[PDB]
>>> print(open('run_9.pdb').read())   # PDB, C-alpha atoms
MODEL        1
ATOM      1  CA  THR A  70     -20.143  -6.691  11.094  1.00  0.00           C
ATOM      2  CA  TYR A  71     -17.559  -7.516   8.442  1.00  0.00           C
ATOM      3  CA  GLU A  72     -17.601  -7.559   4.644  1.00  0.00           C
ATOM      4  CA  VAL A  73     -15.661 -10.431   3.070  1.00  0.00           C
ATOM      5  CA  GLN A  74     -14.198 -10.719  -0.430  1.00  0.00           C
ATOM      6  CA  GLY A  75     -12.219 -13.774  -1.494  1.00  0.00           C
ATOM      7  CA  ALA A  76     -10.341 -15.035  -4.542  1.00  0.00           C
ATOM      8  CA  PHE A  77      -8.072 -17.923  -5.522  1.00  0.00           C
ATOM      9  CA  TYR A  78      -4.509 -17.119  -6.587  1.00  0.00           C
ATOM     10  CA  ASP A  79      -2.199 -19.250  -8.718  1.00  0.00           C
ATOM     11  CA  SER A  80       1.610 -19.338  -8.697  1.00  0.00           C
ATOM     12  CA  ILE A  81       1.725 -16.206 -10.872  1.00  0.00           C
ATOM     13  CA  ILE A  82       0.686 -13.951  -7.989  1.00  0.00           C
ATOM     14  CA  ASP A  83       3.650 -12.963  -5.828  1.00  0.00           C
ATOM     15  CA  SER A  84       3.412 -11.331  -2.402  1.00  0.00           C
ATOM     16  CA  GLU A  85       3.503  -7.851  -3.939  1.00  0.00           C
ATOM     17  CA  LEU A  86       0.899  -8.857  -6.522  1.00  0.00           C
ATOM     18  CA  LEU A  87      -1.299 -10.263  -3.758  1.00  0.00           C
ATOM     19  CA  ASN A  88      -1.005  -7.003  -1.826  1.00  0.00           C
ATOM     20  CA  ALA A  89      -1.851  -4.950  -4.920  1.00  0.00           C
ATOM     21  CA  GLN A  90      -4.849  -7.221  -5.693  1.00  0.00           C
ATOM     22  CA  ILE A  91      -4.228  -6.490  -9.378  1.00  0.00           C
ATOM     23  CA  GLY A  92      -3.543  -9.999 -10.662  1.00  0.00           C
ATOM     24  CA  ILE A  93      -6.488 -11.674  -8.929  1.00  0.00           C
ATOM     25  CA  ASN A  94     -10.241 -11.845  -9.574  1.00  0.00           C
ATOM     26  CA  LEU A  95     -12.049 -10.556  -6.494  1.00  0.00           C
ATOM     27  CA  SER A  96     -15.387 -12.188  -5.697  1.00  0.00           C
ATOM     28  CA  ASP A  97     -18.644 -10.571  -4.585  1.00  0.00           C
ATOM     29  CA  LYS A  98     -18.902  -8.728  -1.279  1.00  0.00           C
ATOM     30  CA  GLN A  99     -20.719 -10.599   1.496  1.00  0.00           C
ATOM     31  CA  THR A 100     -21.690  -8.833   4.725  1.00  0.00           C
ATOM     32  CA  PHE A 101     -22.557 -10.452   8.055  1.00  0.00           C
ATOM     33  CA  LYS A 102     -23.013  -9.293  11.642  1.00  0.00           C
ATOM     34  CA  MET A 103     -21.004 -11.197  14.234  1.00  0.00           C
ATOM     35  CA  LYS A 104     -23.115 -12.770  16.962  1.00  0.00           C
ATOM     36  CA  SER A 105     -23.279 -11.798  20.639  1.00  0.00           C
ATOM     37  CA  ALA A 106     -22.413 -13.994  23.602  1.00  0.00           C
ATOM     38  CA  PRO A 107     -25.166 -14.996  26.059  1.00  0.00           C
ATOM     39  CA  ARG A 108     -25.487 -12.811  29.152  1.00  0.00           C
ATOM     40  CA  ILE A 109     -27.588 -13.746  32.178  1.00  0.00           C
ATOM     41  CA  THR A 110     -30.024 -11.138  33.497  1.00  0.00           C
ATOM     42  CA  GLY A 111     -31.939 -12.687  36.398  1.00  0.00           C
ATOM     43  CA  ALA A 112     -32.108 -15.712  38.660  1.00  0.00           C
ATOM     44  CA  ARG A 113     -34.947 -17.099  40.754  1.00  0.00           C
ATOM     45  CA  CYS A 114     -36.032 -20.182  42.684  1.00  0.00           C
ATOM     46  CA  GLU A 115     -39.526 -21.673  42.744  1.00  0.00           C
ATOM     47  CA  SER A 116     -41.178 -24.740  44.220  1.00  0.00           C
ATOM     48  CA  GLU A 117     -42.228 -27.507  41.868  1.00  0.00           C
ATOM     49  CA  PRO A 118     -45.959 -27.308  41.021  1.00  0.00           C
ATOM     50  CA  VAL A 119     -47.322 -30.473  42.645  1.00  0.00           C
ATOM     51  CA  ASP A 120     -50.587 -31.755  44.074  1.00  0.00           C
ATOM     52  CA  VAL A 121     -49.147 -33.457  47.178  1.00  0.00           C
ATOM     53  CA  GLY A 122     -45.903 -33.408  49.104  1.00  0.00           C
ATOM     54  CA  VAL A 123     -43.248 -30.715  48.768  1.00  0.00           C
ATOM     55  CA  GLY A 124     -42.053 -29.625  45.352  1.00  0.00           C
ATOM     56  CA  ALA A 125     -38.364 -29.828  44.600  1.00  0.00           C
ATOM     57  CA  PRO A 126     -36.458 -26.519  44.358  1.00  0.00           C
ATOM     58  CA  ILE A 127     -36.464 -25.277  40.757  1.00  0.00           C
ATOM     59  CA  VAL A 128     -34.085 -22.480  39.750  1.00  0.00           C
ATOM     60  CA  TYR A 129     -34.896 -20.131  36.868  1.00  0.00           C
ATOM     61  CA  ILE A 130     -32.314 -18.183  34.876  1.00  0.00           C
ATOM     62  CA  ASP A 131     -33.142 -15.570  32.237  1.00  0.00           C
ATOM     63  CA  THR A 132     -30.617 -14.709  29.543  1.00  0.00           C
ATOM     64  CA  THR A 133     -30.130 -12.947  26.216  1.00  0.00           C
ATOM     65  CA  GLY A 134     -27.714 -13.882  23.456  1.00  0.00           C
ATOM     66  CA  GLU A 135     -27.199 -15.985  20.351  1.00  0.00           C
ATOM     67  CA  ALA A 136     -25.510 -19.230  21.439  1.00  0.00           C
ATOM     68  CA  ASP A 137     -27.337 -22.243  20.033  1.00  0.00           C
ATOM     69  CA  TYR A 138     -26.685 -24.232  23.219  1.00  0.00           C
TER
ATOM     70  CA  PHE B 845       9.958 -25.187 -29.812  1.00  0.00           C
ATOM     71  CA  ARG B 846       7.683 -25.710 -26.815  1.00  0.00           C
ATOM     72  CA  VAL B 847       7.264 -24.963 -23.116  1.00  0.00           C
ATOM     73  CA  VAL B 848       7.793 -27.961 -20.835  1.00  0.00           C
ATOM     74  CA  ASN B 849       5.763 -26.396 -18.001  1.00  0.00           C
ATOM     75  CA  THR B 850       2.557 -26.490 -20.054  1.00  0.00           C
ATOM     76  CA  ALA B 851      -0.502 -27.741 -18.205  1.00  0.00           C
ATOM     77  CA  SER B 852      -1.398 -31.376 -18.793  1.00  0.00           C
ATOM     78  CA  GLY B 853      -4.874 -30.778 -20.195  1.00  0.00           C
ATOM     79  CA  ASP B 854      -4.136 -27.682 -22.290  1.00  0.00           C
ATOM     80  CA  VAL B 855      -0.980 -26.947 -24.258  1.00  0.00           C
ATOM     81  CA  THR B 856      -1.880 -23.246 -24.345  1.00  0.00           C
ATOM     82  CA  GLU B 857      -1.897 -23.232 -20.521  1.00  0.00           C
ATOM     83  CA  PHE B 858       1.237 -23.038 -18.372  1.00  0.00           C
ATOM     84  CA  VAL B 859       0.962 -23.623 -14.630  1.00  0.00           C
ATOM     85  CA  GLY B 860       4.273 -22.362 -13.289  1.00  0.00           C
ATOM     86  CA  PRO B 861       5.332 -18.791 -12.619  1.00  0.00           C
ATOM     87  CA  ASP B 862       8.212 -18.916 -15.124  1.00  0.00           C
ATOM     88  CA  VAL B 863       7.935 -20.184 -18.695  1.00  0.00           C
ATOM     89  CA  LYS B 864      10.137 -23.289 -18.943  1.00  0.00           C
ATOM     90  CA  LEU B 865      10.874 -22.504 -22.581  1.00  0.00           C
ATOM     91  CA  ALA B 866      13.047 -25.016 -24.436  1.00  0.00           C
ATOM     92  CA  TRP B 867      13.795 -25.786 -28.077  1.00  0.00           C
ATOM     93  CA  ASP B 868      15.957 -28.076 -30.210  1.00  0.00           C
ATOM     94  CA  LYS B 869      19.481 -27.781 -31.566  1.00  0.00           C
ATOM     95  CA  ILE B 870      19.736 -26.890 -35.251  1.00  0.00           C
ATOM     96  CA  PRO B 871      21.022 -30.069 -36.953  1.00  0.00           C
ATOM     97  CA  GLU B 872      23.643 -28.272 -39.091  1.00  0.00           C
ATOM     98  CA  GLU B 873      25.307 -26.358 -36.246  1.00  0.00           C
ATOM     99  CA  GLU B 874      28.308 -28.704 -36.189  1.00  0.00           C
ATOM    100  CA  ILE B 875      29.544 -27.490 -39.576  1.00  0.00           C
ATOM    101  CA  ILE B 876      28.397 -23.940 -38.787  1.00  0.00           C
ATOM    102  CA  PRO B 877      30.739 -21.845 -36.593  1.00  0.00           C
ATOM    103  CA  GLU B 878      29.678 -20.279 -33.285  1.00  0.00           C
ATOM    104  CA  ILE B 879      25.918 -19.712 -33.347  1.00  0.00           C
ATOM    105  CA  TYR B 880      23.489 -17.651 -31.289  1.00  0.00           C
ATOM    106  CA  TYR B 881      19.715 -18.043 -31.023  1.00  0.00           C
ATOM    107  CA  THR B 882      17.847 -14.733 -30.971  1.00  0.00           C
ATOM    108  CA  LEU B 883      14.720 -14.961 -28.810  1.00  0.00           C
ATOM    109  CA  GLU B 884      11.976 -12.353 -29.251  1.00  0.00           C
ATOM    110  CA  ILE B 885       9.158 -11.944 -26.715  1.00  0.00           C
ATOM    111  CA  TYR B 886       5.835 -10.511 -27.889  1.00  0.00           C
ATOM    112  CA  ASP B 887       3.359  -8.822 -25.563  1.00  0.00           C
ATOM    113  CA  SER B 888      -0.394  -8.869 -26.018  1.00  0.00           C
ATOM    114  CA  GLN B 889      -1.873  -6.720 -28.800  1.00  0.00           C
ATOM    115  CA  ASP B 890       1.172  -7.609 -30.916  1.00  0.00           C
ATOM    116  CA  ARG B 891       3.681  -5.486 -28.976  1.00  0.00           C
ATOM    117  CA  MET B 892       7.217  -6.865 -28.691  1.00  0.00           C
ATOM    118  CA  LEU B 893       8.826  -6.958 -25.253  1.00  0.00           C
ATOM    119  CA  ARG B 894      12.483  -7.793 -25.924  1.00  0.00           C
ATOM    120  CA  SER B 895      14.829  -9.651 -28.259  1.00  0.00           C
ATOM    121  CA  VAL B 896      17.287 -11.762 -26.253  1.00  0.00           C
ATOM    122  CA  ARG B 897      20.379 -13.292 -27.854  1.00  0.00           C
ATOM    123  CA  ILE B 898      20.986 -16.785 -26.449  1.00  0.00           C
ATOM    124  CA  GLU B 899      24.014 -18.944 -27.238  1.00  0.00           C
ATOM    125  CA  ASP B 900      25.182 -22.292 -25.807  1.00  0.00           C
ATOM    126  CA  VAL B 901      21.919 -22.653 -23.820  1.00  0.00           C
ATOM    127  CA  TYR B 902      19.028 -24.538 -25.407  1.00  0.00           C
ATOM    128  CA  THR B 903      16.502 -24.087 -22.558  1.00  0.00           C
ATOM    129  CA  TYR B 904      15.529 -20.494 -21.766  1.00  0.00           C
ATOM    130  CA  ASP B 905      13.773 -19.424 -18.571  1.00  0.00           C
ATOM    131  CA  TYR B 906      11.509 -16.361 -18.420  1.00  0.00           C
ATOM    132  CA  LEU B 907      11.605 -15.612 -14.708  1.00  0.00           C
ATOM    133  CA  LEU B 908       8.425 -14.218 -13.185  1.00  0.00           C
ATOM    134  CA  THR B 909      10.401 -11.120 -12.190  1.00  0.00           C
ATOM    135  CA  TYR B 910      10.774 -10.264 -15.876  1.00  0.00           C
ATOM    136  CA  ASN B 911       7.026 -10.406 -16.476  1.00  0.00           C
ATOM    137  CA  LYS B 912       6.327  -8.494 -13.264  1.00  0.00           C
ATOM    138  CA  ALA B 913       8.777  -5.597 -13.633  1.00  0.00           C
ATOM    139  CA  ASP B 914      10.809  -5.748 -16.856  1.00  0.00           C
ATOM    140  CA  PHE B 915       7.800  -4.732 -18.958  1.00  0.00           C
ATOM    141  CA  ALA B 916       4.837  -3.919 -16.702  1.00  0.00           C
ATOM    142  CA  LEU B 917       6.366  -0.498 -15.999  1.00  0.00           C
ATOM    143  CA  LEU B 918       8.363  -0.131 -19.227  1.00  0.00           C
ATOM    144  CA  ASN B 919       5.767  -0.712 -21.951  1.00  0.00           C
ATOM    145  CA  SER B 920       2.484  -0.525 -20.039  1.00  0.00           C
ATOM    146  CA  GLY B 921       3.933   1.933 -17.528  1.00  0.00           C
ATOM    147  CA  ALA B 922       2.033   0.505 -14.544  1.00  0.00           C
ATOM    148  CA  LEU B 923       2.474  -2.229 -11.957  1.00  0.00           C
ATOM    149  CA  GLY B 924       1.099  -5.434 -13.428  1.00  0.00           C
ATOM    150  CA  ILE B 925       1.779  -8.674 -15.271  1.00  0.00           C
ATOM    151  CA  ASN B 926       1.197 -10.218 -18.696  1.00  0.00           C
ATOM    152  CA  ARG B 927      -0.583 -13.559 -19.111  1.00  0.00           C
ATOM    153  CA  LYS B 928      -1.159 -13.955 -22.862  1.00  0.00           C
ATOM    154  CA  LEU B 929       2.359 -14.186 -24.300  1.00  0.00           C
ATOM    155  CA  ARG B 930       3.801 -15.222 -27.659  1.00  0.00           C
ATOM    156  CA  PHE B 931       7.272 -16.743 -27.981  1.00  0.00           C
ATOM    157  CA  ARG B 932       9.361 -17.354 -31.092  1.00  0.00           C
ATOM    158  CA  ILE B 933      13.065 -17.711 -31.838  1.00  0.00           C
ATOM    159  CA  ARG B 934      15.590 -18.015 -34.662  1.00  0.00           C
ATOM    160  CA  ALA B 935      19.053 -19.473 -35.258  1.00  0.00           C
ATOM    161  CA  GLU B 936      21.556 -17.105 -36.867  1.00  0.00           C
ATOM    162  CA  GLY B 937      25.297 -16.535 -36.881  1.00  0.00           C
ATOM    163  CA  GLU B 938      27.778 -13.840 -37.858  1.00  0.00           C
ATOM    164  CA  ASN B 939      28.209 -12.620 -41.441  1.00  0.00           C
ATOM    165  CA  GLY B 940      24.717 -13.798 -42.330  1.00  0.00           C
ATOM    166  CA  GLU B 941      21.195 -14.481 -41.142  1.00  0.00           C
ATOM    167  CA  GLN B 942      18.647 -17.302 -41.348  1.00  0.00           C
ATOM    168  CA  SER B 943      15.205 -15.728 -41.735  1.00  0.00           C
ATOM    169  CA  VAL B 944      13.482 -19.087 -42.278  1.00  0.00           C
ATOM    170  CA  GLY B 945      13.863 -19.939 -38.591  1.00  0.00           C
ATOM    171  CA  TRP B 946      12.670 -16.446 -37.696  1.00  0.00           C
ATOM    172  CA  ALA B 947       9.191 -17.883 -38.296  1.00  0.00           C
ATOM    173  CA  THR B 948       8.214 -19.823 -35.173  1.00  0.00           C
ATOM    174  CA  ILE B 949       4.952 -20.166 -33.245  1.00  0.00           C
TER
ENDMDL
END
>>> encode(input="run_9.pdb", output="structure tokens")
Amino acid sequence: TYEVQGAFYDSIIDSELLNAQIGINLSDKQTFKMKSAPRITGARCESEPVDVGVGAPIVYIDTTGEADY
Amino acid sequence: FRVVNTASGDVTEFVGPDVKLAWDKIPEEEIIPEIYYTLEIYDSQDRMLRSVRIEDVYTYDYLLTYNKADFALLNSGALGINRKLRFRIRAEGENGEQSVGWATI
């Protein structure tokens, strides 16, 4: 997690002023937790549920994470 | 007596880091001998920063370094800057003074 504070600075603020933060108007503090990458946990193969013939091989994978896709 | 760096929309607003302060030549200088323009800088809450004697130059520059250090630690005593500033000048020579021009801005 990281807390973020931002603020615009005009030409008045020099590098030292920017470091000191004195000449700038800090904004509100916003906190967010960085997401976690997807990790696979298990794999399996099953036959396709069918009435006749032989089902095609279907592979299952089980994962945990946050990735949208 | 004006600042040529003033923001387009607002005269009271200046955009640059240094005040591009410029004025006009006094029309009677030609008859007058050598002349010097005394420039006085006023801090907020009426305090006066410095009085600078300027001669032969009609456009004065107040470098950002002056605002940052010349008076942040001298008058205020702490690291900082001044935004609300008042500027005003006069035109005077030796063996006399011209207090009418002392009144400016």
>>> resolve_selection(input="run_9.pdb", expression="the PyMOL selection byres ((chain A and resi 129) around 8)", output="number ranges by chain")
A: 112-115, 127-128, 130-131
>>> closest_residue(input="run_9.pdb", among="A:102, A:132, A:121, A:94", to="residue 71 in chain A", atoms="all atoms listed in the file")
A:102
>>> interface_residues(input="run_9.pdb", of="chain A", to="chain B", cutoff="10 Å", atoms="all atoms listed in the file", output="list in words")
residues 79, 80, 81, 82, 83, 85, 86, 89, 90, 91 and 92 of chain A
>>> resolve_selection(input="run_9.pdb", expression="the PyMOL selection byres ((chain B and resi 877-879) around 10)", output="PyMOL selection string")
chain B and resi 870+872-876+880-882+898-900+935-938
>>> write_last_selection(input="run_9.pdb", atoms="C-alpha atoms", output="mmCIF file, in the coordinates of the input")
data_model
loop_
_atom_site.group_PDB
_atom_site.id
_atom_site.type_symbol
_atom_site.label_atom_id
_atom_site.label_comp_id
_atom_site.auth_asym_id
_atom_site.auth_seq_id
_atom_site.Cartn_x
_atom_site.Cartn_y
_atom_site.Cartn_z
ATOM 1 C CA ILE B 870 19.736 -26.890 -35.251
ATOM 2 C CA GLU B 872 23.643 -28.272 -39.091
ATOM 3 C CA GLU B 873 25.307 -26.358 -36.246
ATOM 4 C CA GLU B 874 28.308 -28.704 -36.189
ATOM 5 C CA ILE B 875 29.544 -27.490 -39.576
ATOM 6 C CA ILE B 876 28.397 -23.940 -38.787
ATOM 7 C CA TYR B 880 23.489 -17.651 -31.289
ATOM 8 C CA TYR B 881 19.715 -18.043 -31.023
ATOM 9 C CA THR B 882 17.847 -14.733 -30.971
ATOM 10 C CA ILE B 898 20.986 -16.785 -26.449
ATOM 11 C CA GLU B 899 24.014 -18.944 -27.238
ATOM 12 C CA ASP B 900 25.182 -22.292 -25.807
ATOM 13 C CA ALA B 935 19.053 -19.473 -35.258
ATOM 14 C CA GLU B 936 21.556 -17.105 -36.867
ATOM 15 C CA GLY B 937 25.297 -16.535 -36.881
ATOM 16 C CA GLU B 938 27.778 -13.840 -37.858
#
>>> resolve_selection(input="run_9.pdb", expression="the PyMOL selection byres ((chain B and resi 887-895) around 7)", output="list in words")
residues 882, 883, 884, 885, 886, 896, 897, 915, 928, 929 and 930 of chain B
>>> atom_distance(input="run_9.pdb", atom1="CA of residue 917 in chain B", atom2="CA of residue 95 in chain A")
23.0 Å
>>> residues_around(input="run_9.pdb", residues="residue 106 in chain A", least_positions_apart="5", cutoff="10 Å", atoms="only C-alpha atoms", output="list in words")
residues 133, 134, 135 and 136 of chain A
>>> axis_aligned_box(input="run_9.pdb", around="range 915-929 of chain B", padding_each_side="6 Å", output="JSON")
{"center_x": 3.6, "center_y": -6.1, "center_z": -18.1, "size_x": 21.5, "size_y": 28.1, "size_z": 24.3}
